[PDB]
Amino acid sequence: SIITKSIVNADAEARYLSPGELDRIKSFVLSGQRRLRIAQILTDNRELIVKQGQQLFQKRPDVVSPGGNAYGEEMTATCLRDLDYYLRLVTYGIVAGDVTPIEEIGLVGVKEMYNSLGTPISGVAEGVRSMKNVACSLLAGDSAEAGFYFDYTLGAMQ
């Protein structure tokens, strides 16, 4: 959240919120309604976003093939479940104003996780990216915000 982030940045220097940071928070609260709108639009079409998955596989068939991390319908399914997770994280981030909830919930130490699991990270990046192509298709340029959210996800993954 932009609010918690400026709070921690200020407290780190034992100071009050500067008028600039306050103005930023004002722009945020004034963007609240459009923000929630985007959030609920994404939530509504989440199953479509994650399913259309298909683009990832079509672009990275290795992950679902023998030897790949998502070989089989059960592992494929689990991989779809992760994409759902990250999309939800994207909706949180949208509502919050920054990437705090995404980082806290599913980027601090992801590389460790998937390294243990044997999941190719670039594959995840491609899945969430495709999720941003579909998602961007669901939104009419509003698309920016969610855009940089996804982008921060597939960037932060690797």
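Numbers follow the displayed sequence, beginning with 1.
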{"item": "Length class of the unmodelled deposited segment, which would lie between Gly141 and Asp142", "value": "1 to 3"}
{"item": "Gap size, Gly53 back to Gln52 (deposited sequence, no coordinates)", "value": "1 to 3"}
{"item": "Mean Cα B-factor comparison, 85-93 or 107-115, giving the higher one as deposited", "value": "107-115"}
{"item": "Per the entry, higher mean C-alpha B factor between 55-63 and 126-134", "value": "55-63"}
{"item": "Within-chain third of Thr153 by Cα B-factor, per the entry", "value": "highest"}
{"item": "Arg37 - which third its CA temperature factor falls in, relative to the rest of the chain", "value": "highest"}
{"item": "B-factor third for the C-alpha atom of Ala70 within its chain", "value": "lowest"}
